[PDB]
Amino acid sequence: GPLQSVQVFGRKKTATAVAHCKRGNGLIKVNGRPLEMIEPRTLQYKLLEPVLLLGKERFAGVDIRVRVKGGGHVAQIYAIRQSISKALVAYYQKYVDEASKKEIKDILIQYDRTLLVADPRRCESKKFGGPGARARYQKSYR
Amino acid sequence: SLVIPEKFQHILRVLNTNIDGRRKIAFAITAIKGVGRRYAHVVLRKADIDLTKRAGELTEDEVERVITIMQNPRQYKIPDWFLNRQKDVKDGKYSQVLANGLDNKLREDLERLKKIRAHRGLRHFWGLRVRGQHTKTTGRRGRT
Amino acid sequence: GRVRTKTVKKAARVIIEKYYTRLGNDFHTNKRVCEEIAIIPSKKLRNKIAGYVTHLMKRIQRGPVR
Amino acid sequence: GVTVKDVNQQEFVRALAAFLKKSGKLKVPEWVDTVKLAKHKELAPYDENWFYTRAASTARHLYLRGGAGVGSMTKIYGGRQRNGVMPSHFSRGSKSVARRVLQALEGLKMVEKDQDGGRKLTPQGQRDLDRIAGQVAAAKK
Amino acid sequence: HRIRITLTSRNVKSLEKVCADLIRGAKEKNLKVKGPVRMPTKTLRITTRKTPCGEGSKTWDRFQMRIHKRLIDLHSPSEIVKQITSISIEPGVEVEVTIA
Amino acid sequence: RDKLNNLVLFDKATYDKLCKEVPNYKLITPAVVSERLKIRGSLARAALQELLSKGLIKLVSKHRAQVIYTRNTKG
Amino acid sequence: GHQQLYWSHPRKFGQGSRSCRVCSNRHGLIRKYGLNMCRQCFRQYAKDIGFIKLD
Amino acid sequence: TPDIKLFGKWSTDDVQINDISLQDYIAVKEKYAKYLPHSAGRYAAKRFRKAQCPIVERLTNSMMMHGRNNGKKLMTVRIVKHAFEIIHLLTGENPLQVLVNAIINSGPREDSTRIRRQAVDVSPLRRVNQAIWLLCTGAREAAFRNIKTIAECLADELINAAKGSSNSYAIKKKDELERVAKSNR
RNA sequence: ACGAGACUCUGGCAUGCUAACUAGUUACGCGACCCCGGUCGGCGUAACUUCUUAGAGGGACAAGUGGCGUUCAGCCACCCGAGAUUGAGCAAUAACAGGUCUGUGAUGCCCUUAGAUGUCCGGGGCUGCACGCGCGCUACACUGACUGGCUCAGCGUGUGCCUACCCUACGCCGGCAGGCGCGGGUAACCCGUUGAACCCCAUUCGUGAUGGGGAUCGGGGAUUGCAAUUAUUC
């Protein structure tokens with residue numbers, strides 16, 4: 001029917017994860033491979049918080065094709081969390097009302113604020129005279 | 001299979017060199033001089049010898065089947081770049097020594113360097129670092 | 001550690017002693033006023049100067065200021 | 001129906017190793033039994049047909065991104081050159097062990113050359129690769 | 001007919017004002033215009049010692065060159081652009097016209 | 001210092017001390033049965049793979065670094 | 001005789017074949033970007049070639 | 001399940017917090033539920049942002065120790081997740097309850113300090129800091145040069161700490177520190 | 001009056017503005033493959049700026065409330081919020097016998113100036129080793145080593161006025177170092193979608209100076225250079 005297109009971007013430490021939604025059926029897959037088929041597979045329950053704290057019925061009318069690039073291993077895993085949780089918010093704003101959308105934001109606000117508000121932490125610059133951002137070289141007396 | 005069999009071995013005194021029987025075959029052979037780890041796996045590959053067993057199940061007549069490859073790897077299609085003595089100075093015999101010739105050939109290249117008054121060999125006489133190491137700050141234990 | 005200096009305070013009194021009717025109470029209101037009645041060179045100072053004006057307005061409505 | 005992308009990759013690289021068991025006609029080289037994978041390694045691998053394992057990983061890598069040549073194969077199959085006394089550097093794989101796989105899969109038609117160079121997967125090789133992608137998924141359901 | 005003009009400079013105010021003034025001469029003749037593409041900037045990096053000899057505490061430098069480039073396409077002949085490339089040019093901007 | 005002379009391969013009593021006594025423990029891992037029965041860690045794992053085909057231990061978590069075993073279900 | 005034993009070394013490589021253009025010494029040379037200038041001659045003339053200590 | 005949470009397969013509910021002195025510093029229930037013992041971070045910036053952290057994540061945050069294993073949270077969660085079953089296959093009960101009796105019983109009440117030493121009381125947040133710490137370095141030597149893996153030593157000690165059986169490192173160092181404080185008290 | 005502040009560059013938020021066939025996406029249309037749907041850095045197209053990039057702007061002020069404070073300067077707390085202190089640069093008055101005449105065609109003064117402390121060519125040394133000291137690196141293992149598999153980046157540089165000397169894909173030859181033939185990149189183009197490690201998964205080892213450690217040292221092979229022996233590296 002009508003083209004219900006939502007493409008929500010969400011950053012991470014460096015990682016860029018962009019979605020693209022449509023009125024589909026219950027399939028969620030990132031870069032073509034599904035979300036449980038992402039290694040490391042110890043973080044498998046970290047990609048089901050939008051699936052579990054909302055329920056599967058929120059994705060009965062939603063398909064999402066996620067393009068991700070950049071970052072690290074864990075940085076990608078956290079980028080692909082806040083990029084699809086935010087995506088279903090805008091799909092439940094442009095097309096359905098916000099009273100059915102605030103009922104899935106108030107659940108999202110009591111667990112973790114990273115899913116909707118990204119981290120403003122960025123790695124500080126290493127200065128001269130030290131191996132790290134704050135660490136200086138070992139001083140020798142005498 | 002699982003329990004200690006009969007004809008068990010703890011020590012394989014082969015090529016007058018003691019080989020422990022507790023380890024895996026491909027890693028027990030490192031006791032012999034002239035064989036480390038990489039040369040050890042491939043010689044076990046040049047015959048169909050099982051290596052997921054220990055050094056205490058392998059039968060007797062085929063540990064000699066190991067040996068026929070050991071001193072002569074040439075006729076069992078092992079290349080020259082595996083050898084510890086490639087292109088020998090006198091005859092050009094691409095050979096492999098195993099705990100007999102190694103120290104025996106070792107007191108020859110000393111005098112092939114010492115008689116000829118070579119700068120490389122003179123450091124072996126004194127016992128200093130020969131490969132061009134900074135000697136001012138390192139190597140203190142051996143020299144007092 | 002947020003203590004204003006003279007140029008935040010000597011200027012903000014010139015905003016009050018000459019432009020009283022042209023301001024209100026809300027910050028962003030007289031922030032948008034002070035840009036046109038005063039040439040402040042930077043943006044961060046533009047938020048700085050007007051920020052002291054609203055705080056002193058919270059005093060003038062409540063009492064006399066020296 | 002499902003493709004290779006619906007399958008966990010850990011139990012895929014031995015699945016394609018199983019399809020070459022019924023083949024036995026890849027003209028496997030001679031020095032495979034006494035060779036190290038790369039200069040950053042120092043041993044040989046553990047499985048006897050590791051050449052049936054590393055070749056089994058190339059076709060799925062050529063599924064994801066094609067036109068890859070001999071220099072693009074050594075980077076992915078390389079590893080950390082643990083230099084020991086020095087801090088480490090990264091090291092690519094051996095050039096020949098990649099060149100003998102893309103020559104093994106030119107013996108049997110499973111890979112073609114891309115225009116302006118490269119090595120990419122063929123459609124009839126994508127026919128039967130989507131058959132071993134079913135034998136893994138139908139077994140775990 | 002598809003001509004490309006490069007706009008590259010150092011000072012941001014020197015390149016931003018001349019890109020728009022060259023747009024102003026383009027709409028007057030009302031021709032096939034393209035907009036300004038802003039490619040990522042190149043920054044030359046030099047960090048060196050402050051001291052001439054090797055005495056004192058160790059302090060370094062932060063020399064920078066944030067150079068910027070803009071390209072503009074036109075479906076215009078080489079004649080009418082030569083009436084625009086003769087006006088409104090500041091010497092800090094480097095222009096190389098690509099005929100084809 | 002002190003030698004932990006582990007058994008490289010079983011005896012006829014030690015393996016017989018495995019077919020009945022290991023299914024009595026509540027915790028079976030290659031790090032304790034090798035220490036409780038003085039065998040190598042290689043022999044420890046290779047003492048339980050047959051028990052899978054013997055069905056005298058139950059697997060609940062196999063991993064790269066950690067595999068644990070127990071009794072069977074009590075019934 | 002003479003002329004074949006004064007510059008007869010190969011002078012196409014090495015640090016005896018490169019030098020500064022301003023300081024004319026062979027230490028601390030900035031051979032980056034075709035600068036070819038010593039690092040102390042770089043400091044005083046950093047404004048003349050155009051550099052700015054922006055950071 | 002948007003109503004209840006399963007820690008992998010471990011239930012969120014039925015953990016009674018015994019001590020009332022630490023229950024305001026154990027964030028373990030109904031407001032602090034996570035499927036993983038891993039968040040993005042952010043807990044270590046403010047003064048008292050360390051009080052509402054999930055305790056199982058706190059132990060992993062303290063486990064990545066001694067150089068080579070710093071910055072490797074990907075595998076210490078692979079240690080405690082394996083170690084949680086080890087507690088269950090020895091007890092049969094909730095393994096997280098064993099941790100509750102572990103941090104309760106391994107936190108010293110009084111502690112001498114440089115003032116001549118004056119033995120003084122400690123904060124509950126100091127107490128949960130030390131109780132989680134003394135076990136975390138105790139198992140660090142139990143797997144050191146030993147066939148017993150780090151997964152078991154992490155699981156073995158809090159089992160021995162929930163009963164206070166005094167064969168763990170954390171119990172011994174708690175009562176000696178309470179006694180050497182009892183000297184100059 | 002200076003310094004502090006302010007100021008600058010960067011870090012974070014703006015589905016608003018401006019536009020991108022050397023940036024990406026969205027579709028549509030085939031090709032391939034599985035049972036309409038599924039996938040593809042396979043291939044073209046018109047709409048877009050979400051991601052690409054950087055231009056303008058906008059955004060935070062102790063602003064609002066609640067305590068606290070002369071109720072002044074201010075401080076503590078809450079909420080809304082992408083931010084309720086990003087990081088650096090710049091940095092005074094006066095001072096040191098701090099250091100550099102080995103950065104100079106910056107130099108006073110002094111020595112030397114043809115059998116030259118000037119200049120170049122050969123070779124050696126600056127690496128030399130009873131000993132003490134400083135910054136370091138890899139380690140001392142099982143949270144490990146070792147072997148397969150799986151999979152993630154972000155900063156830069158590249159054909160030189162001299163300069164005869166570049167970054168590199170691809171195709172073969174060889175276990176490797178390396179070698180040969182074509183093509184592109186003066187660069188958001190080619191390298192490069194920069195397939196980095198750590199990692200993750202699964203083997204193997206099993207508390208043993210062991211498969212931890214790689215110091216020492218012998219033998220063979222290639223690159224750079226006119227030249228590597230005092231082992232240039234590999």
# chains A, B, ... in the order shown; residues from 1 in each chain; ligands from 1
call {"tool": "select_by_dssp", "arguments": {"residues": "segment 34-70 of chain F", "states": "strand (DSSP E)", "output": "PyMOL selection string"}}
result
chain F and resi 59-61+68-69
call {"tool": "interface_residues", "arguments": {"of": "chain A", "to": "chain D", "cutoff": "8 Å", "atoms": "only C-alpha atoms", "output": "ChimeraX atom specification"}}
result
/A:32-34,37
call {"tool": "write_last_selection", "arguments": {"atoms": "N, CA, C and O atoms", "output": "mmCIF file, in the first residue's frame"}}
result
data_model
loop_
_atom_site.group_PDB
_atom_site.id
_atom_site.type_symbol
_atom_site.label_atom_id
_atom_site.label_comp_id
_atom_site.auth_asym_id
_atom_site.auth_seq_id
_atom_site.Cartn_x
_atom_site.Cartn_y
_atom_site.Cartn_z
ATOM 1 N N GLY A 32 21.425 -8.468 6.121
ATOM 2 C CA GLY A 32 20.996 -9.739 5.576
ATOM 3 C C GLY A 32 21.095 -10.888 6.563
ATOM 4 O O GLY A 32 20.207 -11.750 6.589
ATOM 5 N N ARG A 33 22.139 -10.907 7.387
ATOM 6 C CA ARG A 33 22.192 -11.968 8.379
ATOM 7 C C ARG A 33 21.349 -11.600 9.599
ATOM 8 O O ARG A 33 21.302 -10.437 10.003
ATOM 9 N N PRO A 34 20.639 -12.554 10.194
ATOM 10 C CA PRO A 34 19.737 -12.219 11.302
ATOM 11 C C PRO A 34 20.503 -11.855 12.564
ATOM 12 O O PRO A 34 21.706 -12.087 12.696
ATOM 13 N N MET A 37 22.497 -14.191 14.608
ATOM 14 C CA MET A 37 23.610 -14.752 13.856
ATOM 15 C C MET A 37 24.702 -13.697 13.699
ATOM 16 O O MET A 37 25.230 -13.463 12.610
#
call {"tool": "residues_around", "arguments": {"residues": "residue 132 of chain H", "least_positions_apart": "3", "cutoff": "12 Å", "atoms": "only C-alpha atoms (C1' of nucleotides)", "output": "tab-separated table (two decimals) with N, CA, C and O atoms, in the first residue's frame"}}
result
chain	number	residue	atom	x	y	z
H	26	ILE	N	22.56	-3.12	47.59
H	26	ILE	CA	22.50	-4.25	46.67
H	26	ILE	C	21.38	-3.99	45.67
H	26	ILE	O	20.20	-4.07	46.01
H	55	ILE	N	25.00	-6.16	41.03
H	55	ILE	CA	26.16	-6.66	41.77
H	55	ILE	C	26.94	-7.67	40.94
H	55	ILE	O	28.17	-7.77	41.05
H	56	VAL	N	26.24	-8.45	40.11
H	56	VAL	CA	26.93	-9.43	39.28
H	56	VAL	C	27.76	-8.72	38.21
H	56	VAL	O	28.82	-9.20	37.81
H	57	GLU	N	27.28	-7.57	37.74
H	57	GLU	CA	28.10	-6.77	36.84
H	57	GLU	C	29.27	-6.13	37.58
H	57	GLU	O	30.35	-5.97	37.01
H	58	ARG	N	29.07	-5.80	38.86
H	58	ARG	CA	30.16	-5.24	39.66
H	58	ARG	C	31.31	-6.23	39.81
H	58	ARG	O	32.48	-5.82	39.78
H	59	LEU	N	31.01	-7.51	39.99
H	59	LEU	CA	32.07	-8.50	40.14
H	59	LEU	C	32.85	-8.68	38.85
H	59	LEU	O	34.08	-8.82	38.89
H	60	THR	N	32.17	-8.68	37.71
H	60	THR	CA	32.88	-8.72	36.44
H	60	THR	C	33.68	-7.45	36.22
H	60	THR	O	34.77	-7.50	35.63
H	61	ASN	N	33.17	-6.31	36.69
H	61	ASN	CA	33.93	-5.07	36.60
H	61	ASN	C	35.18	-5.10	37.46
H	61	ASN	O	36.11	-4.33	37.21
H	62	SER	N	35.22	-5.97	38.46
H	62	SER	CA	36.38	-6.12	39.32
H	62	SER	C	37.21	-7.35	38.98
H	62	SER	O	38.26	-7.56	39.59
H	63	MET	N	36.78	-8.16	38.02
H	63	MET	CA	37.47	-9.40	37.71
H	63	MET	C	38.57	-9.22	36.67
H	63	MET	O	39.54	-9.97	36.65
H	99	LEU	N	25.54	-15.63	46.31
H	99	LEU	CA	26.30	-14.39	46.24
H	99	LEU	C	25.82	-13.38	47.27
H	99	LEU	O	26.61	-12.60	47.81
H	100	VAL	N	24.51	-13.38	47.58
H	100	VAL	CA	23.98	-12.47	48.58
H	100	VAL	C	24.55	-12.78	49.95
H	100	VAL	O	24.97	-11.88	50.68
H	101	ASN	N	24.59	-14.06	50.32
H	101	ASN	CA	25.25	-14.44	51.57
H	101	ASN	C	26.76	-14.33	51.48
H	101	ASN	O	27.42	-14.28	52.52
H	102	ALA	N	27.32	-14.28	50.28
H	102	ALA	CA	28.76	-14.12	50.15
H	102	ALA	C	29.22	-12.70	50.44
H	102	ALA	O	30.15	-12.50	51.22
H	103	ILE	N	28.57	-11.70	49.83
H	103	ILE	CA	28.97	-10.32	50.06
H	103	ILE	C	28.56	-9.86	51.45
H	103	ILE	O	29.20	-8.98	52.04
H	104	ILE	N	27.50	-10.44	52.01
H	104	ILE	CA	27.11	-10.12	53.38
H	104	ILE	C	28.15	-10.62	54.38
H	104	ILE	O	28.52	-9.89	55.31
H	105	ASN	N	28.66	-11.83	54.19
H	105	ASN	CA	29.52	-12.45	55.18
H	105	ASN	C	31.00	-12.16	54.99
H	105	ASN	O	31.80	-12.56	55.84
H	106	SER	N	31.39	-11.48	53.91
H	106	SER	CA	32.79	-11.19	53.67
H	106	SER	C	33.13	-9.71	53.78
H	106	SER	O	34.20	-9.30	53.31
H	107	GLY	N	32.24	-8.90	54.34
H	107	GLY	CA	32.52	-7.49	54.53
H	107	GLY	C	32.82	-7.18	55.98
H	107	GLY	O	31.99	-7.37	56.87
H	108	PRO	N	34.03	-6.67	56.24
H	108	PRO	CA	34.44	-6.43	57.63
H	108	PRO	C	33.68	-5.28	58.24
H	108	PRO	O	33.41	-4.27	57.59
H	124	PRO	N	28.55	0.99	54.37
H	124	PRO	CA	28.04	-0.16	53.62
H	124	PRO	C	28.55	-0.20	52.19
H	124	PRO	O	28.79	-1.29	51.66
H	125	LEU	N	28.76	0.96	51.56
H	125	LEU	CA	29.33	0.96	50.21
H	125	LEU	C	30.81	0.61	50.25
H	125	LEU	O	31.31	-0.06	49.34
H	126	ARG	N	31.53	1.07	51.27
H	126	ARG	CA	32.88	0.57	51.50
H	126	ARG	C	32.86	-0.93	51.79
H	126	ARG	O	33.72	-1.67	51.32
H	127	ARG	N	31.87	-1.38	52.56
H	127	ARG	CA	31.78	-2.79	52.91
H	127	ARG	C	31.48	-3.66	51.70
H	127	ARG	O	32.06	-4.74	51.58
H	128	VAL	N	30.60	-3.21	50.80
H	128	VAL	CA	30.35	-4.00	49.60
H	128	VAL	C	31.53	-3.87	48.65
H	128	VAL	O	31.77	-4.76	47.82
H	129	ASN	N	32.31	-2.79	48.77
H	129	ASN	CA	33.52	-2.65	47.96
H	129	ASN	C	34.57	-3.67	48.36
H	129	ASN	O	35.23	-4.27	47.51
H	135	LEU	N	37.26	-11.61	47.88
H	135	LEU	CA	37.05	-12.84	47.14
H	135	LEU	C	37.60	-12.76	45.73
H	135	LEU	O	38.12	-13.77	45.23
H	136	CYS	N	37.55	-11.60	45.09
H	136	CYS	CA	37.94	-11.44	43.70
H	136	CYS	C	39.43	-11.61	43.48
H	136	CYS	O	39.86	-11.97	42.38
H	137	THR	N	40.23	-11.35	44.52
H	137	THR	CA	41.66	-11.64	44.44
H	137	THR	C	41.99	-12.98	45.09
H	137	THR	O	43.07	-13.52	44.88
H	138	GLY	N	41.07	-13.52	45.90
H	138	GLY	CA	41.29	-14.82	46.48
H	138	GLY	C	41.26	-15.94	45.46
H	138	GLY	O	42.12	-16.82	45.47
H	139	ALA	N	40.27	-15.93	44.57
H	139	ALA	CA	40.21	-16.90	43.50
H	139	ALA	C	41.28	-16.64	42.44
H	139	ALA	O	41.58	-17.54	41.65
H	154	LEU	N	36.15	-19.05	40.91
H	154	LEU	CA	35.15	-18.00	41.08
H	154	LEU	C	33.87	-18.56	41.69
H	154	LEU	O	33.18	-17.88	42.45
H	157	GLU	N	34.54	-20.20	45.77
H	157	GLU	CA	34.77	-19.37	46.95
H	157	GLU	C	33.47	-18.84	47.55
H	157	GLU	O	33.27	-18.93	48.77
H	158	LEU	N	32.59	-18.27	46.73
H	158	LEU	CA	31.33	-17.77	47.28
H	158	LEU	C	30.44	-18.89	47.80
H	158	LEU	O	29.60	-18.64	48.66
H	161	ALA	N	31.87	-19.05	50.98
H	161	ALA	CA	31.62	-17.80	51.68
H	161	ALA	C	30.19	-17.68	52.17
H	161	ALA	O	29.95	-17.03	53.20
H	169	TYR	N	39.55	-17.47	50.86
H	169	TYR	CA	40.43	-16.35	51.19
H	169	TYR	C	39.65	-15.20	51.80
H	169	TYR	O	40.15	-14.51	52.70
H	170	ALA	N	38.43	-14.95	51.31
H	170	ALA	CA	37.70	-13.75	51.70
H	170	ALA	C	37.22	-13.82	53.14
H	170	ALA	O	37.08	-12.77	53.79
H	171	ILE	N	36.95	-15.01	53.66
H	171	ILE	CA	36.48	-15.13	55.04
H	171	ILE	C	37.63	-14.92	56.02
H	171	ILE	O	37.49	-14.24	57.04
H	174	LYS	N	38.70	-11.29	56.37
H	174	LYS	CA	37.70	-10.43	57.00
H	174	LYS	C	37.82	-10.48	58.51
H	174	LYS	O	37.80	-9.44	59.18
call {"tool": "interface_residues", "arguments": {"of": "chain B", "to": "chain D", "cutoff": "10 Å", "atoms": "only C-alpha atoms", "output": "PyMOL selection string"}}
result
chain B and resi 37-46+52+77-79+82
call {"tool": "write_last_selection", "arguments": {"atoms": "N, CA, C and O atoms", "output": "PDB file, in the first residue's frame"}}
result
ATOM      1  N   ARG B  37      59.775 -28.981  16.883  1.00  0.00           N
ATOM      2  CA  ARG B  37      58.366 -29.317  16.754  1.00  0.00           C
ATOM      3  C   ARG B  37      57.942 -29.412  15.298  1.00  0.00           C
ATOM      4  O   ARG B  37      57.184 -30.319  14.938  1.00  0.00           O
ATOM      5  N   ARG B  38      58.427 -28.502  14.450  1.00  0.00           N
ATOM      6  CA  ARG B  38      57.960 -28.437  13.070  1.00  0.00           C
ATOM      7  C   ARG B  38      58.506 -29.590  12.240  1.00  0.00           C
ATOM      8  O   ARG B  38      57.774 -30.203  11.454  1.00  0.00           O
ATOM      9  N   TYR B  39      59.790 -29.902  12.410  1.00  0.00           N
ATOM     10  CA  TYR B  39      60.364 -31.081  11.787  1.00  0.00           C
ATOM     11  C   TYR B  39      59.765 -32.364  12.342  1.00  0.00           C
ATOM     12  O   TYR B  39      59.801 -33.395  11.666  1.00  0.00           O
ATOM     13  N   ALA B  40      59.182 -32.323  13.537  1.00  0.00           N
ATOM     14  CA  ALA B  40      58.666 -33.543  14.139  1.00  0.00           C
ATOM     15  C   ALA B  40      57.314 -33.941  13.566  1.00  0.00           C
ATOM     16  O   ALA B  40      57.057 -35.136  13.383  1.00  0.00           O
ATOM     17  N   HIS B  41      56.444 -32.974  13.279  1.00  0.00           N
ATOM     18  CA  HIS B  41      55.125 -33.301  12.748  1.00  0.00           C
ATOM     19  C   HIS B  41      55.204 -33.864  11.334  1.00  0.00           C
ATOM     20  O   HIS B  41      54.457 -34.786  10.990  1.00  0.00           O
ATOM     21  N   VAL B  42      56.099 -33.324  10.504  1.00  0.00           N
ATOM     22  CA  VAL B  42      56.112 -33.684   9.088  1.00  0.00           C
ATOM     23  C   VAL B  42      56.683 -35.081   8.883  1.00  0.00           C
ATOM     24  O   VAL B  42      56.263 -35.806   7.976  1.00  0.00           O
ATOM     25  N   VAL B  43      57.647 -35.481   9.713  1.00  0.00           N
ATOM     26  CA  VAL B  43      58.196 -36.830   9.601  1.00  0.00           C
ATOM     27  C   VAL B  43      57.174 -37.853  10.076  1.00  0.00           C
ATOM     28  O   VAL B  43      57.086 -38.964   9.538  1.00  0.00           O
ATOM     29  N   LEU B  44      56.353 -37.481  11.057  1.00  0.00           N
ATOM     30  CA  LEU B  44      55.212 -38.323  11.380  1.00  0.00           C
ATOM     31  C   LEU B  44      54.169 -38.340  10.275  1.00  0.00           C
ATOM     32  O   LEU B  44      53.346 -39.258  10.244  1.00  0.00           O
ATOM     33  N   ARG B  45      54.182 -37.360   9.375  1.00  0.00           N
ATOM     34  CA  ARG B  45      53.271 -37.338   8.242  1.00  0.00           C
ATOM     35  C   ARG B  45      53.784 -38.133   7.051  1.00  0.00           C
ATOM     36  O   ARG B  45      52.978 -38.590   6.235  1.00  0.00           O
ATOM     37  N   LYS B  46      55.097 -38.342   6.938  1.00  0.00           N
ATOM     38  CA  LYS B  46      55.613 -39.056   5.773  1.00  0.00           C
ATOM     39  C   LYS B  46      55.391 -40.560   5.875  1.00  0.00           C
ATOM     40  O   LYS B  46      55.778 -41.305   4.968  1.00  0.00           O
ATOM     41  N   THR B  52      47.250 -39.006  17.498  1.00  0.00           N
ATOM     42  CA  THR B  52      46.342 -38.653  18.581  1.00  0.00           C
ATOM     43  C   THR B  52      46.473 -39.599  19.760  1.00  0.00           C
ATOM     44  O   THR B  52      45.688 -39.506  20.709  1.00  0.00           O
ATOM     45  N   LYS B  77      60.876 -37.956   0.135  1.00  0.00           N
ATOM     46  CA  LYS B  77      60.403 -36.697  -0.436  1.00  0.00           C
ATOM     47  C   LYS B  77      60.208 -35.591   0.597  1.00  0.00           C
ATOM     48  O   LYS B  77      59.147 -34.962   0.650  1.00  0.00           O
ATOM     49  N   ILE B  78      61.208 -35.367   1.444  1.00  0.00           N
ATOM     50  CA  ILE B  78      61.221 -34.200   2.324  1.00  0.00           C
ATOM     51  C   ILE B  78      62.146 -33.162   1.700  1.00  0.00           C
ATOM     52  O   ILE B  78      63.275 -33.495   1.311  1.00  0.00           O
ATOM     53  N   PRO B  79      61.712 -31.903   1.564  1.00  0.00           N
ATOM     54  CA  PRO B  79      62.528 -30.912   0.852  1.00  0.00           C
ATOM     55  C   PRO B  79      63.751 -30.482   1.640  1.00  0.00           C
ATOM     56  O   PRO B  79      63.879 -30.807   2.823  1.00  0.00           O
ATOM     57  N   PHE B  82      63.656 -27.898   4.979  1.00  0.00           N
ATOM     58  CA  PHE B  82      63.347 -28.370   6.319  1.00  0.00           C
ATOM     59  C   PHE B  82      64.586 -28.734   7.120  1.00  0.00           C
ATOM     60  O   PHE B  82      64.481 -28.954   8.330  1.00  0.00           O
TER      61      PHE B  82
END
call {"tool": "interface_residues", "arguments": {"of": "chain I", "to": "chain G", "cutoff": "7 Å", "atoms": "only C-alpha atoms (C1' of nucleotides)", "output": "list in words"}}
result
residues 9, 88, 89, 103, 104, 120, 121 and 160 of chain I
call {"tool": "write_last_selection", "arguments": {"atoms": "C-alpha atoms (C1' of nucleotides)", "output": "PDB file, in the first residue's frame"}}
result
ATOM      1  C1'   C I   9      40.684  24.473  17.086  1.00  0.00           C
ATOM      2  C1'   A I  88      44.495  21.303  23.934  1.00  0.00           C
ATOM      3  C1'   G I  89      46.498  25.911  22.273  1.00  0.00           C
ATOM      4  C1'   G I 103      70.497  24.627  12.823  1.00  0.00           C
ATOM      5  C1'   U I 104      72.544  28.718   9.929  1.00  0.00           C
ATOM      6  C1'   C I 120      86.962  15.799  -0.687  1.00  0.00           C
ATOM      7  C1'   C I 121      88.544   9.763  -1.608  1.00  0.00           C
ATOM      8  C1'   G I 160      59.403  13.902  -5.636  1.00  0.00           C
TER       9        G I 160
END
call {"tool": "residues_around", "arguments": {"residues": "segment 121-132 of chain A", "least_positions_apart": "4", "cutoff": "8 Å", "atoms": "only C-alpha atoms (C1' of nucleotides)", "output": "PDB file with C-alpha atoms (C1' of nucleotides), in the first residue's frame"}}
result
ATOM      1  CA  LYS A  13      31.472   5.306  20.087  1.00  0.00           C
ATOM      2  CA  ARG A 136      52.609  10.445  31.674  1.00  0.00           C
ATOM      3  CA  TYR A 137      55.920   8.661  31.252  1.00  0.00           C
TER       4      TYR A 137
ATOM      5  CA  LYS E  58      59.932  17.829  26.043  1.00  0.00           C
ATOM      6  CA  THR E  59      57.356  20.061  24.341  1.00  0.00           C
ATOM      7  CA  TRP E  60      55.942  19.744  20.846  1.00  0.00           C
TER       8      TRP E  60
ATOM      9  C1'   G I  11      34.436  16.530  20.940  1.00  0.00           C
ATOM     10  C1'   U I  86      35.633  17.666  26.306  1.00  0.00           C
ATOM     11  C1'   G I  87      40.637  18.235  25.342  1.00  0.00           C
TER      12        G I  87
END
call {"tool": "residues_around", "arguments": {"residues": "residue 51 of chain C", "least_positions_apart": "4", "cutoff": "9 Å", "atoms": "only C-alpha atoms (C1' of nucleotides)", "output": "number ranges by chain"}}
result
C: 8, 12, 27, 30-31, 46-47, 55-56; I: 61-63
call {"tool": "interface_residues", "arguments": {"of": "chain I", "to": "chain H", "cutoff": "7 Å", "atoms": "only C-alpha atoms (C1' of nucleotides)", "output": "VMD selection string"}}
result
chain I and resid 142 to 143 206 to 207
call {"tool": "closest_atom_pairs", "arguments": {"of": "chain D", "to": "chain I", "cutoff": "6 Å", "atoms": "only C-alpha atoms (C1' of nucleotides)", "output": "JSON lines"}}
result
{"residue": "D:1", "atom": "CA", "partner": "I:35", "partner_atom": "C1'", "distance": 3.7}
{"residue": "D:2", "atom": "CA", "partner": "I:34", "partner_atom": "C1'", "distance": 5.7}
{"residue": "D:35", "atom": "CA", "partner": "I:175", "partner_atom": "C1'", "distance": 5.8}
{"residue": "D:45", "atom": "CA", "partner": "I:147", "partner_atom": "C1'", "distance": 5.3}
{"residue": "D:76", "atom": "CA", "partner": "I:195", "partner_atom": "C1'", "distance": 5.4}
{"residue": "D:84", "atom": "CA", "partner": "I:138", "partner_atom": "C1'", "distance": 6.0}
{"residue": "D:85", "atom": "CA", "partner": "I:138", "partner_atom": "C1'", "distance": 4.2}
{"residue": "D:117", "atom": "CA", "partner": "I:170", "partner_atom": "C1'", "distance": 5.3}
{"residue": "D:123", "atom": "CA", "partner": "I:32", "partner_atom": "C1'", "distance": 5.5}
{"residue": "D:126", "atom": "CA", "partner": "I:33", "partner_atom": "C1'", "distance": 6.0}
{"residue": "D:127", "atom": "CA", "partner": "I:33", "partner_atom": "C1'", "distance": 5.8}
